[PDB]
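Here is the structure we will look at, set down as structure tokens.
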Amino acid sequence: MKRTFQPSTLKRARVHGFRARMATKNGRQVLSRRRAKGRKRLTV
Amino acid sequence: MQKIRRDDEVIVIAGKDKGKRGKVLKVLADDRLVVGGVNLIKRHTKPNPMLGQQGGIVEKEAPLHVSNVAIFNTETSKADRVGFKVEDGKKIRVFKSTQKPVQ
RNA sequence: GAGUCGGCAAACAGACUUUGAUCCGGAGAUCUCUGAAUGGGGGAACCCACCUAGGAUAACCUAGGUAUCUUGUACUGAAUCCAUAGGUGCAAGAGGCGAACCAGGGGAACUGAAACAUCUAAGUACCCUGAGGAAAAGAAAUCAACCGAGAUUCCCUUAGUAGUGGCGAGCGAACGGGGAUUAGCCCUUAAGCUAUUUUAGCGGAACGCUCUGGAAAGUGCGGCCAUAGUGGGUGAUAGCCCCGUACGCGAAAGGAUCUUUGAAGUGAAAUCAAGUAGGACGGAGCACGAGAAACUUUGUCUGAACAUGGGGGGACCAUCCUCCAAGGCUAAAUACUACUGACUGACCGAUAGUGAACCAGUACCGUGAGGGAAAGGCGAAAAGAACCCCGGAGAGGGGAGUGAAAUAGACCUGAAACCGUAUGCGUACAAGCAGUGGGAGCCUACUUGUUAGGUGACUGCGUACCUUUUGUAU
RNA sequence: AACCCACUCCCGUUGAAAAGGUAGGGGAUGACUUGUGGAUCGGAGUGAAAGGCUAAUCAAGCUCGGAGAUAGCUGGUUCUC
RNA sequence: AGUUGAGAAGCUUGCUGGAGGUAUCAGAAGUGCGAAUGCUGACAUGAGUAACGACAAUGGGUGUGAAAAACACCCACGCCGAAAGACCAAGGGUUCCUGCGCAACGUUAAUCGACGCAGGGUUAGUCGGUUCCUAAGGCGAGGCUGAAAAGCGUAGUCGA
């Protein structure tokens with residue numbers, strides 16, 4: 001039956017994208033923390 | 001600058017073939033020297049592809065370390081350390097036993 | 001200064017020799033799109049543009065400009081007569097990121113108290129805002145007792161002492177001594193001033209025969225160096241084979257640090273103090289939980305004397321002592337390490353040491369924040385197996401060759417559990433923690449039988465180990 | 001009848017499936033079903049109300065810090081005489 | 001394997017191994033495992049046992065090949081046909097097509113493949129996007145409000 005994940009690219013970018021994280025103040029701290037660990041991606 | 005150049009004539013100390021008078025062909029960058037005539041190796045190689053041949057066993061020289069050969073003197077006819085004690089326009093390679101410049 | 005075209009790794013094509021080719025250091029030029037991202041927008045690495053001066057053919061290209069806020073500065077001018085708001089044009093600055101350090105704003109709970117409300121934990125964790133290479137603090141309305149000491153900051157004692165505390169758990173000073181460091185000055189505002197090292201390099205001393213070995217640095221036998229003899233690495237153990245190790249020279253050019261020096265700030269450099277001191281309720285900070293509670297603070301409400309005054313000396317009062325509050329400025333001793341460089345280890349040696357010696361914050365697991373592994377070693381050197389035979393024209397083997405050695409063959413050593421193949425002896429009428437005491441026979445060796453080893457028919461006694469418990473074969 | 005839902009029996013339970021299947025059932029022009037896009041969040045939302053749902057987790061999620069929380073309670077504690 | 005001590009343990013040798021080892025006596029300890037439903041790799045018993053994923057059926061021939069129940073072609077049977085057929089939207093990301101292969105994968109074998117290596121292959125004034133305009137909703141110069149972060153919102157400019 002209906003599993004709990006139905007994919008879409010327009011909903012993914014507006015919630016978890018870069019311009020969404022960079023807009024707020026918590027999200028810019030999510031960027032610096034995830035960058036300074038050294039991850040390859042930063043924008044899932 | 002380096003004791004041993006391409007165009008020399010040396011002798012081999014402390015190897016398979018010690019005392020063999022030789023002459024340097026190729027100097028590698030990991031202090032290993034291909035001396036012309038000594039340290040012979042034989043390579044089982046397949047006959048070459050794409051319109052080539054090799055057949056079988058073909059000799060060549062395997063390099064040896066730079067701390068094994070030395071510059072040969074031809075005035076005592078034995079191995080001699082070299083040096084750069086003459087520098088007036090250029091560092092001249094000079095034997096330390098006789099203070100005479102190499103050629 | 002003679003080889004070179006980065007690393008994981010072959011065959012092509014070529015550049016310069018004796019110097020500027022690789023290669024190392026200084027300075028410049030280019031520097032696509034994203035990102036504070038800043039011409040307007042966006043789903044980060046995309047779309048649509050204007051303006052100006054030039055060039056270009058019904059289709060464009062160069063070159064700059066074009067964000068908001070602060071300050072200033074022009075021009076401009078609403079209701080409104082004046083003239084402020086407001087609007088444009090220009091100049092200068094800021095914005096973002098970074099491990100810890102410092103000062104402020106806000107500030108928990110678990111837990112202790114063998115429960116728990118005061119109290120502890122604790123003004124600690126965390127969250128914001130500033131600034132600096134340090135910050136803050138500092139030049140007496142301070143402490144001492146009738147003796148005196150003269151800024152602050154930091155370490156050692158006074159002392160776990162006086163105090164404080166459901167007088168419980170606990171929290172805890174100062175005075176005085178010893179040290180480190182050794183300056184004081186005054187108006188942002190009456191009337192202000194606020195010469196050496198460093199990034200590149202270069203020279204750098206002293207050994208010969210003889211054995212064994214695949215290979216000598218080792219066995220022998222002698223000599224030499226020394227301001228450099230416990231380094232690295234070379235076919236095995238090297239002061240004298242190779243790179244290095246003690247001193248000097250520096251350096252076109254930059255950098256920094258002390259100087260002269262330039263401006264300006266670094267700033268040497270004048271007074272002083274009104275809604276101020278005090279007061280009354282309400283809170284904080286003082287070691288100090290309304291306590292006889294001094295003192296500093298400020299949210300509400302009030303309010304002085306003019307340095308003939310003032311305020312301090314732990315309720316309070318008289319006498320003595322000691323300092324000038326309501327304006328400012330300051331080096332040094334001090335705290336810290338994301339980043340370097342040397343060095344050092346009674347530190348680790350691939351289940352240790354970083355999560356990470358290996359292409360690791362990767363693979364993978366998550367819608368996300370986030371979590372997060374496993375993975376080293378052939379040889380001195382690829383000399384990495386030409387050639388033959390079986391096989392699917394393969395996989396895998398059997399030779400042959402290299403090598404000191406292939407049971408070092410794509411890999412040092414190579415154990416245990418687990419699985420096999422040979423050889424010996426015992427087991428198809430015999431009941432159980434599978435062993436122990438006696439013991440026939442057979443086997444293989446040695447003098448040949450106690451010289452020893454391996455099996456064990458038969459037979460007597462025999463209900464594993466740990467933990468909990470008054471006791472467990474249980 | 002499509003379509004949405006889940007009343008009964010049997011099979012399945014190491015399932016084909018971390019909730020299905022084959023037979024039968026109820027609504028089926030509306031207090032309907034549904035596609036795309038948005039809004040509401042942790043002592044806080046939503047709820048024709050069952051303490052139900054909020055990413056297979058819910059009498060108060062998930063993750064990182066305080067934090068090696070506290071345990072008069074269980075389990076274990078290694079060579080000889 | 002032998003041998004020596006009350007014991008922890010010591011000592012001498014046969015083979016493998018191929019470069020390091022430590023009398024003696026003192027120090028410094030990450031100093032000795034069978035057990036924690038201990039932790040991480042290896043290997044067992046169950047056991048060559050259950051299963052091999054819908055009860056829409058396949059049977060011959062010819063071919064290739066080292067080898068055909070499953071591959072290709074042929075002939076004949078079956079099954080869906082308001083889907084087991086065609087096509088747009090999401091989503092995926094080269095799975096499409098052709099040479100070469102078959103160790104691994106595919107619940108068996110494979111000469112076959114959505115599997116390996118090497119090439120190839122998507123053509124727009126009109127079809128969908130972008131460009132123009134807006135709904136819910138978002139952000140929001142100036143502006144009010146707030147310890148700080150920030151909250152709300154006018155002009156405006158994004159959002160099918």
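May I ask you to evaluate 6.51 cos²θ - 1.76 cosθ + 1.60, the Karplus curve with θ = phi - 60°, for each residue of region B:86-103 and list the ³J(HN,Hα) values in order in whole Hz, giving x for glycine and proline?
8, 9, 10, x, 7, 6, 9, 5, 10, 5, 8, 7, 10, 6, 10, x, 6, 10
Taking chain B as a Gaussian network, where each spring joins two C-alpha atoms under 10 Å apart, which residue of B:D31, B:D17, B:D88 fluctuates the most?
Judging by the Gaussian network model, the answer is B:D88.
How high is the relative contact order of chain B, in percent, counting Cα pairs under 8 Å that sit 6 or more residues apart?
Reported relative contact order: 21 percent.
What is the mean projected area of the alpha carbon convex hull for chain B, to one decimal in square nanometres?
8.8 nm²
Among the listed pairs B:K16/B:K100; B:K60/B:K91; B:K78/B:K100; B:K18/B:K91, which are separated by more than 25 Å between their Cα atoms?
Check vs 25 Å cut-off fails for B:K16/B:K100; B:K60/B:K91; B:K18/B:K91.
Kirkwood Rh and Cα-based Rg: tell me the resulting Rg over Rh for chain A, rounded to two decimals.
1.09
Determine the shape class of the protein assembly as shown: with a ≥ b ≥ c the square roots of the Cα gyration tensor eigenvalues, call it rounded for a/c under 1.5, and otherwise prolate if a/b is greater than b/c, oblate otherwise.
oblate
Normalised radius of gyration for region B:56-103, please: alpha carbon Rg relative to 2.2 N^0.38 Å, two decimal places.
1.61
So what's the back-of-envelope 222 nm ellipticity for the protein assembly as shown, counting only DSSP H runs of four-plus at -39500 (n - 2.57) apiece and dividing by all residues, rounded to 500?
Estimated from H runs of four or more residues: -4000 deg cm²/dmol.
Give me the number: length gained by fully extending B:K96 to B:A79, i.e. 0.36 nm times residue separation minus the C-alpha to C-alpha distance, one decimal in nm.
Stretched out fully, the B:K96 to B:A79 stretch lengthens by 5.0 nm.
Here, each number is a calculation from the coordinates, and none is a lab measurement.
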